[PDB]
Amino acid sequence: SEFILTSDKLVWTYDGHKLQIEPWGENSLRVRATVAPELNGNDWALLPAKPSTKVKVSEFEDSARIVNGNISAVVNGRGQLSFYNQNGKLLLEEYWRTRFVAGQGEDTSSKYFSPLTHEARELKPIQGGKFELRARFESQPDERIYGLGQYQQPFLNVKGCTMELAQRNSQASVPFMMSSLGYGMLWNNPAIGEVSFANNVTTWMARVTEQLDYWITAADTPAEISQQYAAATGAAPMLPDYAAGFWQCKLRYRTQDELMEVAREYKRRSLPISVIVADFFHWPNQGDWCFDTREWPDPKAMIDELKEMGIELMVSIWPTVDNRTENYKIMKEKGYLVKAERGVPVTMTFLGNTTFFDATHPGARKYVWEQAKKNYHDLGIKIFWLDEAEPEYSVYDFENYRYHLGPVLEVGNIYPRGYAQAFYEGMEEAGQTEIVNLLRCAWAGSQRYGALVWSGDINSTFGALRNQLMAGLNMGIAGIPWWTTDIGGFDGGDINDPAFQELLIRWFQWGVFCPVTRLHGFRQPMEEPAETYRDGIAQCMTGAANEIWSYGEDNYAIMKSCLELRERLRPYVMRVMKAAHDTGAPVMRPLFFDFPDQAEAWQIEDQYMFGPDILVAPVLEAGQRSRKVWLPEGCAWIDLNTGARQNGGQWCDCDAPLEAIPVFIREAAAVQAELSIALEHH
Amino acid sequence: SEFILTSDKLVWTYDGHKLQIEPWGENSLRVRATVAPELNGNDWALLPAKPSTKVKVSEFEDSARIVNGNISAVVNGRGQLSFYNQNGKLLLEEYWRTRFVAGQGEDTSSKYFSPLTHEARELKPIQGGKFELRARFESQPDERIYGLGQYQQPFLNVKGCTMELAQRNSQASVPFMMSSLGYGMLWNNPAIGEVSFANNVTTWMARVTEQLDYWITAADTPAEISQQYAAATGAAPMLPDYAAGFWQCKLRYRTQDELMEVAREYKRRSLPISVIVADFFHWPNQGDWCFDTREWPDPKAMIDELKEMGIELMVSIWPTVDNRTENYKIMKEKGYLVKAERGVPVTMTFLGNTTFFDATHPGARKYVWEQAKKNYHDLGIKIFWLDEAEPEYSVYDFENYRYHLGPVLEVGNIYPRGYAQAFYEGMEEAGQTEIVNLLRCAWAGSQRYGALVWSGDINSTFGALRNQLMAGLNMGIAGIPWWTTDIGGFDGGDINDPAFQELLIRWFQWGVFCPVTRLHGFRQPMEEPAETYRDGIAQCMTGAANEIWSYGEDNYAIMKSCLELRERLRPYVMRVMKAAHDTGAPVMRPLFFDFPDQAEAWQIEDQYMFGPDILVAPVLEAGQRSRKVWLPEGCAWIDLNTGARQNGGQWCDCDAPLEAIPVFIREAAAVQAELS
Amino acid sequence: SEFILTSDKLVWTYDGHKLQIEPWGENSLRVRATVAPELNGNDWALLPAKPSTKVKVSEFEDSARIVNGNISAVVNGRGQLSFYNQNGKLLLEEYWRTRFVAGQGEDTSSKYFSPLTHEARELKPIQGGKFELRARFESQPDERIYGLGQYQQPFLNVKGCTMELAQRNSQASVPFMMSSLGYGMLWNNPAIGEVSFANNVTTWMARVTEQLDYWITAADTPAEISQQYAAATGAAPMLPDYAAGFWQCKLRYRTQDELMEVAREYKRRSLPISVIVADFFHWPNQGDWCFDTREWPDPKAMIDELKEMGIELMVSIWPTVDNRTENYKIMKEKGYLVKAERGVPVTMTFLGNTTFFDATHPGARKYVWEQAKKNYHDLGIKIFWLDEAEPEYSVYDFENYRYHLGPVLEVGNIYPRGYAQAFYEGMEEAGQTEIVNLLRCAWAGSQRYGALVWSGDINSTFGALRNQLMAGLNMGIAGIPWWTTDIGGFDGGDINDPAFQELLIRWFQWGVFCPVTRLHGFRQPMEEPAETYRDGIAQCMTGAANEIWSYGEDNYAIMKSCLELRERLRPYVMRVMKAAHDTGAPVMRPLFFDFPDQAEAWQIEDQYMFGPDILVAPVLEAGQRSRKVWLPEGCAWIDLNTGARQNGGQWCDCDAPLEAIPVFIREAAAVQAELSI
């Protein structure tokens, strides 16, 4: 084996395998490995690193070492790699089980000595092709793991869980993890695959790839890790003011008159409303990207009236292009569409045979943006709903599809980032600042393209609500601070069912304390279109009403006070949004983000912090009217609902009537006054 | 290496490779090879063999031999196989190029000695799966090769050609070959692949298979080879009388009234017409298998009036099932549909998203037949047009589809045979005899299911007509005697274009001397449907008129006389059809079939025999008004068009005006008196 | 969706998917699924079922149910399956995440409703070939999982772990699992793959297969699950008496004289010795399966003399066949060897180019047995060391190898079971009873072929000792009662190193309370052969001495008292072996096997039961001289080393000097009397 060492780079080589470790931001290292002649030029989610001045490269015995601030990497003579912090504590070590490695006998006194023959950096050649990559690391008994994106599962800590590295409706792979051991790690590789944080071994897998690529950072607090990650992959922009208010939506307002009636009724009742939404199939065909003027006769007039009312319109964008449209003909000519490797050249069959635009193709991004610009942005629409962002193949046979940047197996997970990029870059070029679009999916770095992500088409149950809480917290840790849900869930809520009405209330109450407060759903009983087809184009149904007055008088009163509460929170929300932009901190965050020195903060998964000053303890079960709440040590807490003061460092058997969830304010935080919390003496 | 010999079976084995050779009908052997533990039970196109007279299995110093009448197989100690006829002449030998084979050094004095390392029976393992098979044989410089099915190419002799073993619109792989060296061979394996008759080596390839399987037969004449093949894979039924008359069709008679007006016009003018046809999209949706009563308000009244007129109705069957239909729901429940391996579960996107019924699934065959029986056969339709029989995937990605019997890569080519089988078996069970359906495709043995095959959606050119002549002849050699074309070709004929009208006439004149005489096409100028969609179902266009009066007076006169001639030919046609049923002889035959001892008969590709008594020399070029015609030795020939007698064994500079193609009758054959 | 129900079989079908559930032994069900036209005839590890008492198949609402004693299966109208015990408790449920299944909308009120589109029985077609199978089940928060075979990892409970379903040196996939929820499950499928017991979902995977196949059983106690599993896949035989004594081995006694001098020295010192072993490369070439008479001049005289001394000889069998031998030519002719799919036709390159005999080929099994019979068994050898049983490919590229029964990807894991079968059937046919052979690997049902499994070529460390304890316990739960290790580990032990000597003693002390007590290793400093080659055949090195007197006088005294202790335990060991044969109970068992109602028995992984009457608490750290020990409630416990009585239901801060590990005897068990007498 051979080291090639310079003052700021460590390369190890043996039999064509090249391992390269280098600084990539303060307290951070990038790690690449290949068996090709050279590393390629793909940086994926990593921005160019601002240089590190005090990088120390050294050799000792048969080993080499690279130190960059609070992280160091050691590679021994056998090419085996481990990472340490400034205190010499082991952060992460490769998993090797061999008797012979890098042309040398393995040391029989090591746990690495084994006839099993597993390598830590397995670049397994695909016959005729590239490589199937497994990167193996030792599991650690104390290790708790967070981030990875948005998964539909009741686990905040994902140690012992296995996550698919793929994009499907209601899932988002954003592969940055944060460890309780004091490091964060980005898997800087958009290949379809899997990460297993199994108790016995950690394995990251890429189905098809040219090389291993990851980024690792070390710091004493979660806040510092989140900041270092945002410096590596990009900060969220500043959120525009309107986005902190109430977003009203449903599947679907079918006509201009129907949408405007709802907007006007909100104003007629003196209710807060910042954003109203025209959902999908408001267009003539998929891939036209314009209003159908039979249902939407004068969209400019709608937008102008809504502006006068203080309301922004957001419109559904679908990435689908129906093969009967004019844009299909042009986009096919130009090579701007995704391709099927085998079988009929159709990627989705929903209400027509469509092909997704290729969001990895720079030309296709520009083309789609310029259509949305002409037909929507030029009329005054400032927010786009980038739906189906995965994209939602009718069948998730990732092997069967190919993009501009290569087979979906190799590059597929970056699609939603390109989709966000198309609109963000277009809107920025058109002169807009503080851009936010609603994205169903993301990859590493999507935050830099103003991606407000929502958790997609989940069912309307308490089980779903519990999953969304974990998912949103993990999305924030993965560097996606702008995140939300369909208040009430998407599918299955009957507006006349008491059981659903109870869920809607609990979900709405939680929603007040989400980064964005957004009511959406496909409510029952659903209504079929008058005509199944029109001119051969299949017509889209609607669900039932989904406004805060649609669920009876008692529920209206609760939701109205939720809206009023959210308006009072807006100044605080904007401060926390500014902090996300400045520091990479999430908006909704696990307890350990603000209280990393407290053991309960690393164990509790049903409470969180909404910024630094609000402790939230959602009600996640039907019929529940009280719950246990841990109040962190280090300050006093003001009960939002009673005005009562409680000392930190204790548990509360807290009241949780249907009318409110337990919420506490850090005593004397500016937000306490902004909420007008008072206690009356009767 | 080891031989395991019994009185009627030769087995050779080394390192798990098992080669088994046994009699399979008179003068014929079956050859199988596997590296699996045992041979499987798949017989594919081979029927159970009648036990053979005089099979003899012998062992020699190093070798073993099995003889069955006029064929023998010799396997040497290295497992290398060659075939000989009863005169000891070499028929066929395996191609080997190795230095070491079956655990032994190769003989340096043999052409088999080579460091290249190519085996004759290469079962190359597919990782995780089955085998990719190549069977190699030495080429022979004097070998002429015929059969293989229906390929769109101007070659009767296919030595030096490479043929895809797959089913596509206008192509049919029917993998029986006949060699001028005195053998025939069936590749008894429905796998997607290829047959290369390259000058340097012959290679049969199967992409995915469990085992090598082929059938080889020897005889002194082509007629005996055809007979032995029909004995092995099944005889054509007897053709029913109505099928020898005129079949009138176009794309498409859109309504009951439109069809009936054409039929009434034929009868009004005392013109022959035996079959009239309702083409595709006469149904409400794909997979309903019934008339759409909006355009066909009383199918029984149509059938009854046609019955009065002496005319049979044939209807289009498509094997597609639109995913919005009731039959889709039920067939999907029962697992009766073809499956996509990856991607959207749609096999065709023509006028809707459809999935083909699985013709390899015996349940699906029965289900589809019973729909056709209920909606058509019970009304008195007894001829079906089994279109899209390949099946016609929108994209021919064979690796992406799977049938009941397995991946299309392994079993795909048998689909058209299953499709014919579904209707034949159903029709027979309903009491019908002399069954014929119009199939777009076939595999080996399709003839036994009454498959009248046509050459599909070719263009309307003289180039296409030349190709069809070769293809039809090769189909007959491949054991498909009932074969025809769209007279005029399918695509691109403008009815007002004089150049197309000349092609139509020449093609029609040829069609009189085809096994079935059938007018069809998609004529220009075409017309879009009034409504593009109705209830969200895409509507099907039509072409222009395609009746014998549609092309002017001169052309009407010529086509009318052609129909009248075909009527006078019918007794002869039925005799030739009966001989096809009895002996496996094709109806349209290359010259060497009837004159195998004459050199010219193995060279000439632009003449043929319509049965044993009629020599036909089609005009295959625009503007041509004469051509050279070779008259075979051994009889005198009567010019059909002048009555002049010419001695055989000479070339004629023969007149070929637009009104007639050169045709000669064997002097004193019964058909001579029938045509005068 | 359609049910086809008979009195003893439930079939559900949609779009060619066939799900079939039926009784397969008392309290047990077999589950199969296929998209092929029919199920194939592969039973793999399952023996023919004894027809069960009171099976009931019924259809209710849109569902169907099949009950067989204490287990039942319910399949709903969407083809979704779950299992329950006789008390209606949920045992195991399928994992579904779809919006549309079996031609029906999914129920939006269920956790099954999801746009992700994951099926529970995913038979994903391989283009041109068979199927890549994933069987998904919901994880359960309370569930603790045991068994699966032998994995090199410090986990008894493997919930949260992912195990490779493949055979490698030091690993054995024996895919029977036992759950704390009250069921056991056999993955009756020898395909290469993986089982993931992740916290978020349980997934079994087969890389290539024709069909889903598994067997599930229900009972109130671990002992009943073990009995039901042994009924389904076969019981261990009765162990022969000699097997409970001391096995002396090393890598390697190179000559007859060297081996015999070791055996003689054991007798001269009045030490117990029941088995002595001639390790690998005692033969002229790989595939000869005989003694090289240059080093072993009179094997029959050696065997007769050892018989006279009360010692059984075991000989190394390697499954390799060198391409220059006469058996290679013959076995190649007959198709008895494993095949490489691509590349040079060589499966291993260790001391020559060899090819493994095909243990899935019944002809090859018989051929190899008859060679061993002729050259070893006919002379009086009664025990074979079936080494390299995985088999140990030089490169574990499973995709590149094919067996008689198919590609290694589809069938590979059954090889070690075939290998044990070859010798057991052959030995049984020659009239031998109570057959035991030493196997390096196993599959489901290997126990019925007398397979004493050992944990292979592990390193000589305390970390390895800890892993071995977990592995052997899990092997027992997977139905392999006869299990052992190399005392001291295999690789890295220098005989002059005090640190290794300490590990040796701790490992030897644990060894006394393993199903078999066997000393083996490749001890340093190693010795190269005099000549690297002889007649072109590469010669095999040896390690240093590995006898109980080889490590100094103080260590000798400790190992001597260990051997004497083992001899006093033999009557008890034989009773526990008889129980293994009769009931399927393992010999070394987790605490919960004997004490299933006590919470600590399901948490503690560093103590175990050696049969029902001996509680063992090994020392697993260097320099440790005391450790904590939990004594189960329900009986009193007698300290083996002092004689002190202690009440059950407490922790002892227990003495653990170098000279003894903490061990307690159930008061009034017959073994207490046997040890004091």
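Overview of the structure. For each chain, positions are counted from 1 along the sequence as written; this may not be the entry's numbering. Residues without coordinates are not shown. As a convention, the first chain written is A and the first ligand written is 1, with the rest following in written order. Shown here is not the whole assembly but part of a larger one, and the values apply to the part shown. Remark: hydrogens and water are excluded; side-chain values derive from all non-hydrogen atoms of the structure.

Let's shift gears to helix α2 (residues 256-268) of chain B. Residues and elements named next belong to chain B. Over its 13 residues, α2 extends 18 Å from the first C-alpha to the last, a length consistent with the 18 Å expected when each residue adds 1.5 Å. Relative accessibility thresholds used throughout: buried, under 20% of the residue-type maximum; exposed, over 50%; partly exposed, between the two (1.4 Å probe, protein chains only). Every helix listed is a DSSP run of H or I at least four residues long, and every strand listed is a run of E at least two residues long, numbered separately from the N terminus. Along α2, the residues classified as buried are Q256, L259, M260, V262, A263 and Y266. Buried residues of α2, seen end-on, are gathered within an arc of 155° and therefore sit on one face of the element. More than 90 degrees from the buried face of α2, the exposed residues found are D257 and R268. For a helix, the expected span equals 1.5 Å multiplied by the residue count minus one. To be clear, the arc concerns the directions from the helix axis to the C-beta atoms.

For the rest of this paragraph, the subject is the interface of chain C and chain A. For an interface, size is often stated in terms of accessible area lost upon the parts coming together. Note on contacts: a residue pair is in contact if any heavy atoms of the two residues lie within 4.5 Å. Residue-level contacts link 36 residues of chain C with 36 residues of chain A. The three residues of chain C that bury the most area against chain A are C:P115, C:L116 and C:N200, which together make up 20% of that side's buried surface. A side-chain nitrogen of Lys or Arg and a carboxyl oxygen of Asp or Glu constitute a salt bridge if their distance falls within 4 Å. Linking chain C to chain A there are six salt bridges. Where A:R99 meets C:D457, a salt bridge forms, and the shortest distance between an N and an O atom there is 3.3 Å. Think of a polar contact as two N or O atoms within 3.5 Å of one another; within protein, one of them needs to be a possible hydrogen donor and the other a possible acceptor, and neighboring residues in sequence only count if both atoms come from side chains. Connecting chain C to chain A are 20 residue pairs in polar contact. Only β15 (162-165), β18 (193-198) and β33 (491-494) of chain C provide two or more residues apiece to the side of chain C that touches chain A. The element that contributes the greatest number of residues to the side of chain C that touches chain A is β15(C), accounting for three residues. Polarity classes work like this: nonpolar for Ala, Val, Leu, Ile, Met, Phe, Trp, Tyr, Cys and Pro, charged for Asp, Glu, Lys and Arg, and polar for all others, with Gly in that last group. When the residues that make up the side of chain C that touches chain A are grouped by side-chain class, the tally is eight nonpolar, 19 polar and nine charged. When two parts are brought into contact, each loses some accessible area as probed by a 1.4 Å sphere; the total of that loss over both is the buried area.

Okay, the interface of chain C and chain B next. Counting residues at the interface gives 26 residues for chain C, matched by 27 residues for chain B. Buried area between chain C and chain B, summed over both chains or domains, comes out near 2,500 Å², and the portion from carbon and sulfur atoms is 48%. The largest per-residue losses of area from chain C upon contact with chain B belong to C:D15, C:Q127 and C:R342, which jointly make up 24% of the total buried on that side. The tally of links between chain C and chain B comes to 15 residue pairs in polar contact. Of all elements in the fold, only β12 (121-125) and α4 (326-334) of chain C reach the threshold of two or more residues within the side of chain C that touches chain B.

All names here are of chain A. Any two strands with at least two DSSP bridges between them are considered paired. Spatial strand order, β38-β39-β40-β45-β42-β43: six strands in an open sheet with antiparallel pairing. Of all strands in the sheet, those bounded by a partner on one side alone are β38 (588-589) and β43 (645-647). When strand β42 (residues 636-639) meets β43, the two strands line up antiparallel, connected through three bridges. Of the residues in β43, the one forming a bridge with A636 is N647.

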